[PDB]
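# Tertiary structure, described
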Number of protein chains: 2
Amino acid sequence: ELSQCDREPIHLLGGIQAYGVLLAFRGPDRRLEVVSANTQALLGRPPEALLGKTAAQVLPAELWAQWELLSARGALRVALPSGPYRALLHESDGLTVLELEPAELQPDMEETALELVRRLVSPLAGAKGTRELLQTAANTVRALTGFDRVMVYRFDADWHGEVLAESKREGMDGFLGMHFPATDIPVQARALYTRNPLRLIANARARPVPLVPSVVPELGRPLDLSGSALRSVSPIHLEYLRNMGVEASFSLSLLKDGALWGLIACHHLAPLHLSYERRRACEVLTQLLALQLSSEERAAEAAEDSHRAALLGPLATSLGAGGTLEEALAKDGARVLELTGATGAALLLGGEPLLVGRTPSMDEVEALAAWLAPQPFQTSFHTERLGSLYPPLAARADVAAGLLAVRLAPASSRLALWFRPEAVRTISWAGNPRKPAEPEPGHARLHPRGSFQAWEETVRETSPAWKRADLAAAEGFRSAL
Amino acid sequence: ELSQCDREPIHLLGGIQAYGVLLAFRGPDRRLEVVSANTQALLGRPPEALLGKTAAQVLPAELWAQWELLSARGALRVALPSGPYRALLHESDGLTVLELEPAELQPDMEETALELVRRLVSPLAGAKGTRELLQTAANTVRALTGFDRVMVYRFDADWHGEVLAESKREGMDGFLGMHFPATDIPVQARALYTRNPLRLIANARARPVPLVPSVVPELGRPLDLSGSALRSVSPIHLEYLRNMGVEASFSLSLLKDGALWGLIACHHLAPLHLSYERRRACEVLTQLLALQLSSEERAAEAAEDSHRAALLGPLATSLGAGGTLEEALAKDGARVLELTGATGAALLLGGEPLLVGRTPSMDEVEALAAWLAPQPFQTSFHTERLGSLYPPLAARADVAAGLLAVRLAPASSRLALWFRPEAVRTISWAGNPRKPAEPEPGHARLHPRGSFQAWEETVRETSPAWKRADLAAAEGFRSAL
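Residues numbered from 1 in each chain as written, not as in the entry; some residues may be left out. Chains lettered and ligands numbered in written order. Heavy atoms only, no water.

Looking at the entry header, you'll see cryo-EM listed as the method and 4.5 Å as the resolution.

### Some points on the sheet that holds strand β13 (residues 380-382) of chain A
Residues and elements named next belong to chain A. Spatial ordering of the open sheet is given by β12-β15-β14-β13, a layout of four strands whose pairing is antiparallel. Edge positions in the sheet fall to β12 (344-347) and β13, since each of these pairs with one other strand and no more. Direction aside, the axes of adjacent strands within the sheet are offset by 10° on average. Bridging between strand β14 (residues 402-406) and strand β15 (residues 416-420) involves five bridges; their strand directions are antiparallel. Looking at β15, one finds that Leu-404 is bridged to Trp-418. Running at roughly 75° to β15, helix α12 (residues 333-340) makes contact with β12, β14 and β15 of the sheet. (Pairing = 2+ DSSP bridges. Helix = DSSP H or I, 4+ residues; strand = E, 2+ residues; numbered from the N terminus. Axes fitted to C-alpha atoms, helices over the stretch in contact; angles between N-to-C directions. Contact = heavy atoms within 4.5 Å.)

### Digging into the pattern of salt bridges
Inspection of the entire model under this criterion finds 40 salt bridges over all chains. Measuring nitrogen to oxygen at the nearest pair gives 2.9 Å for the salt bridge that ties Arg169(A) to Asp148(A). Of this pair, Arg169(A) sits in the loop between β7 (162-166) and α8 (187-195) while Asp148(A) is found in the loop between α7 (131-145) and β6 (149-154), placing the two residues 21 residues apart along the sequence. With its nearest N and O atoms 2.9 Å apart, the salt bridge here joins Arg460(B) to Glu422(B). Here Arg460(B) is found in the loop between β18 (428-429) and α15 (468-478), whereas its partner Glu422(B) is found in the loop between β17 (415-419) and β18, with 38 residues between them in sequence. Judged by its relative accessible area of 45%, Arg460(B) is partly exposed. Connected through shared salt-bridge partners, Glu304(A), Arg308(A), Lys467(A) and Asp470(A) make up one network. (Salt bridge = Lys/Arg side-chain N within 4 Å of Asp/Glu carboxyl O. Buried < 20%, exposed > 50% of the residue type's maximum accessible area, 1.4 Å probe, protein only.)

### A word on the packing of helix α7 (residues 109-120) of chain B against helix α11 (residues 276-321) of chain B
Residue and element names in this part refer to chain B. Close contact between α7 and α11 brings their axes to 11 Å; oriented N to C, the two are set at 15°. For the element pair α7 / α11, the angle class is roughly parallel. In the packing of α7 onto α11, the handedness of the crossing is right-handed. On α11, the residues touching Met-109, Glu-110, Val-117 and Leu-120 of α7 are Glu-277, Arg-278, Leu-285, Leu-288 and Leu-289. The class makeup of the residues in the contact of α7 with α11 is six nonpolar, no polar and three charged. (Parallel < 35°, antiparallel > 145°, perpendicular 65-115°, else oblique. Left-handed = near helix turned anticlockwise from the far one by under 90°. Nonpolar A, V, L, I, M, F, W, Y, C, P; charged D, E, K, R; others polar.)

### Examining the interface of chain A and chain B
In this complex, chain A contributes 18 residues to the contact, which on the side of chain B involves 23 residues. Of the roughly 2000 Å² buried where chain A meets chain B, counting both sides, 70% is carbon and sulfur surface. Counting across the interface, chain A meets chain B through two salt bridges. With a shortest N-O distance of 3.7 Å, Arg298(B) and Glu296(A) are connected by a salt bridge. At the junction of chain A with chain B, the criterion picks out five residue pairs in polar contact. Put simply, the parts of the chain that give the side of chain A that touches chain B at least two residues each are α6 (115-121) and α10 (276-318) of chain A. Split into classes, the residues belonging to the side of chain A that touches chain B amount to 10 nonpolar, four polar and four charged. (Buried area = accessible area lost by both parts, 1.4 Å probe. Polar contact = N/O pair within 3.5 Å; in protein donor to acceptor, adjacent residues only side chain to side chain.)

### What to know about the nonpolar core
Burial of nonpolar side chains together is a common tendency in soluble globular proteins. Residue and element names in this part refer to chain B. Counting 24 residues, the largest nonpolar core has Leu-120 and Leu-252 as its most contacted members. Broken down by secondary-structure element, the contributors of at least two residues to this core are α7, α8 (130-145), β7 (149-154), β12 (248-255), β13 (260-268) and α11. Tallying contributions element by element places α11 first for this core, with five residues. Those residues in contact with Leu-120, other than ones at most four positions away along the chain, are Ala-125, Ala-137, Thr-140, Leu-285, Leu-288 and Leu-289. In this structure, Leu-23, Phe-25, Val-58 and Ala-87 belong to the second largest nonpolar core, which totals 18 residues. (Core = buried A, V, L, I, M, F, W, Y, C linked by side-chain atoms within 4.5 Å.)

### Quick look at a negative patch on the surface
A contiguous patch of negative charge, built from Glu326(A), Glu352(A), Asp363(A) and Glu366(A), is present on the exposed surface. By the secondary structure assignment, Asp363(A) is in helix α13 (residues 362-372). (Patch = residues over 30% accessible without salt bridge, like charges linked within 9 Å, V, L, I, M, F, W, Y side chains within 5 Å. Areas by Shrake-Rupley, 256 points an atom, 1.4 Å probe, with all protein chains shown as cover. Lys, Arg positive; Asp, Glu negative; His and termini not counted. Charge placed at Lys NZ, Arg CZ, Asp CG, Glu CD.)

### Notes on the side chain of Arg279(B)
Residue and element names in this part refer to chain B. Within the secondary structure, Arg-279 is located in helix α11. We note that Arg-279 is buried and unpaired, the nearest opposite charge coming from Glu-101 at a distance of 4.4 Å. Reaching out from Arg-279, the side chain makes a polar contact with the backbone oxygen of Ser-275 at a distance of 3.2 Å. Sequence-distant contacts of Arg-279, that is, excluding residues within four places in its chain, are made with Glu-101, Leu-198, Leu-200, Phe-250, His-273 and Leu-274.

### Focus: the sheet that holds β7(B)
Residues and elements named next belong to chain B. If you trace the five strands from one edge of the open sheet to the other, you get β8-β7-β13-β12-β10, paired in antiparallel fashion. A strand with exactly one partner marks an edge of an open sheet, and here the two such strands are β8 (166-168) and β10 (198-201). On average, each strand axis in the sheet is tilted by 15° relative to the strand beside it, whichever way the strands run. Pairing of β7 with β8, which is carried by three bridges, proceeds in the antiparallel orientation. Bridged to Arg-149 within β8 is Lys-168.

### Notes on a nonpolar patch on the surface
Residues and elements named next belong to chain A. Together, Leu-325, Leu-329, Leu-354 and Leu-481 give the surface a local cluster of nonpolar side chains, amounting to about 380 Å² of exposed area. With respect to the helices and strands, the residue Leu-329 is situated in helix α11 (residues 325-331). What makes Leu-329 partly exposed here is its relative accessible area of 37%.

### Notes on the pairing of β12(B)
Residue and element names in this part refer to chain B. Counting buried positions over the eight residues of β12 gives seven, a clear majority of the element. Here four bridges tie β10 to β12, and the two strands are oriented antiparallel to one another. Following the sheet pairing, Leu-198 is matched in β12 by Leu-252. For β12 and β13, the ladder comprises eight bridges, and the chain directions are antiparallel. If you follow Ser-249 over to β13, its bridge partner there is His-267. Where β12 folds back onto β13 in an antiparallel hairpin, the turn is made up of four residues, including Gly-258, whose phi is positive at roughly 75°.

### Things to note about the domain arrangement of chain A
All names here are of chain A. Domains assigned within chain A are domain 1 (1-12 + 114-314), domain 2 (20-101) and domain 3 (319-422 + 461-478). Its C-alpha centre places domain 1 at a distance of 30 Å from the equivalent point of domain 2. Each side of the interface is counted separately: domain 1 has 17 residues, and domain 2 has 15 residues. Between the two partners, domain 1 and domain 2, sit one salt bridge. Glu-277 is the salt-bridge partner of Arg-86, the closest N and O atoms lying 3.4 Å from each other. Looking at the side of domain 1 that touches domain 2, the elements with two or more residues in it are β9 (211-212) and α10. Taken together, the residues that form the side of domain 1 that touches domain 2 break down as 10 nonpolar, three polar and four charged. (Domains from an automatic or database assignment.)

So this is what it looks like as structure tokens:
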């Protein structure tokens, strides 16, 4: 509810999860640094007893006997006299970063390394379009992770999120349709997901284990939790998850050649850990799907271009055929509409223009044509908020909110347009979860009936974004006479 | 007609590599049914004494101990008193494949192999396209294995494929660029390669393992070695393998959808045996490369399709702009070249055709119009070779390249044609396509070749390939143009 939820820099959170064990060495002498209370119980002696003395003395040298290889490998699992723990090495701010974690309690003779990739690539049989790729990906992750819930989200130009895909376990509610407002996930978290391919939360019931000394003079601020897989989350987002009641959560990044494409998320209502074996498959998954989606998106874009060029074909057949031009185009106006995506279109013949699809008022049609005339567009106009430009046409919002336009003739007043109203009917009503929750929330922090309200307010009085292929094709339409 | 080097049912020879061992069991009780020759070494019991005995005493204790979970997995790392070994499981003809072979040695290598695999999906890959990925994959595979010769191999429509990328050792021959005939590898060999992706040979001088009994009583024939990996290669292929003295090799096939596109070959002058898990890791790379190769090949297909459709743009627009089509063609002769890539073409307007480019003499074009009319064709046919159809077509050596002609109607009066000027290329073919085979003592089979040089297999009176997207664009031009 704070005004800094958007603004709070996540990197100053400090706190850590329950099972994390903070470890660090200072350069040459490898001297120790900030520690945590839960960390001492793993080694046994209290943190202040750990605090202040040499690296080797606080060092489990029987585990350090693998550091010479850790410098390159970054990680392996070693059996502590207590239990098997996975080594974790990182570097941050000219400082070492060491981390341990309770490894798989299961004796796991089977489910070895690299069997995961063999298990998961086999479903990737078809791989024709874009949707089914992530579809089958989520389906495979369902069995792999073995958890309740999965999400596939795609962003916008302004990075607004939307629930693209999902696959439920039995005994919950589908969440297809809601649009995730870009506000909730700040630019900082976006940058995190760009730089960091993986992150998970084990339990929402976990507590923000403190770190002492909290501040260090060399920074006047703690250490950045970049390489740490145990980095905590802002209490607001934690409260969001609490509202969700989903104590287990995992996530995959989606990146398009330096630009973050979208989000993939795993979830489970009950709290449960993840085997370190399972998680290493993910970054390989990320890389392969990234190259696959790059290729597939390029192919689909080219295919759409080809389809539009082909659709120019039937119009070219009609152009040249006998009969008046206006009625000839009235015959196939419906088949012309989808070429632009706009609901309707018209054009200035010198006389009355003819339109199809949604119907703005006729006198309004001449009025807006006359209004458009003074503005000196060299070739075309394009906008998503035509109503903001001209408020009296904002009054007629449900028929037009953002359009395209191009001069039919530059010299004479012959023009043409493609009007498209606000994107409300476009997305289905699935942008709500329904089922009014019995516990009444403030819901300013909740997507069920609470969020997407800011999103709909933002998109309110705004048409979907245009795409330049139709803009280029417009001159083809112009070329009739 | 089937040749002996094609008809051969390798699965029925019962040839097995010597170093390993494989037996099976009869009935649900799993009593001994199949008895390989080399058993007494590791079993400690004579093979004929082993004949007829029960699994309750022959097998190791730990084998039964983890057999229940083994049926759910298939492979088990045995720790026999003689040494480490591995067991594989498979069901075929109602039998139970139970094998043993030396196990892998290095404990912590497979995890590093992940990075090896992760090296293939490195971000600095595919910076330009295919060949980068193809070459890098070969080097990564060689580094993973360590070997003498590594290379890749494509397939042809006629199935005479050749080599694009190679990863050589230092100080020996390199067959990069070399082309082979299709008969080199049998068609049934290809078919059986479709099913199984893994074929290893340890030593070229290895001898096949005989089977007692010689044939399976119920089958009347040796049971299929499809699921088996210790299966020996065909003796004719062994002739092939020792022609250049290669002592070790392995098969790395890959398909697109049922249809195999290429393979990867390795040739070692030293006889070596390679472990199960190394092979298991390797094939993941094969599927990854197959799926990605499908991705950008579809992308490029769509891209060039879109390009051709766009080229149809200005000409379709100018069709209605110009008065008569022939004058438009005359004024846009350069603009009607790129249509198929080939420059010269012509078309009969019911009468005298409009010749453009390096057109043959007209009398020839009416001769061809009279020709190919009794010949059945629904719309057209592209003839990469023309003299074979009719030698006076080859008489015009300038246009000795591809021909294709569309008669606007199946019984059209007005006609359209298109051709390609003759182009000359060159390629290297190991062995001779001139010779059909090599003789064998008694001619029970046909021997392989002995020479692997060029003979300068350049093409002559040939054409650059008529690619099918161009053929599809011919149907776009078929639309009452």
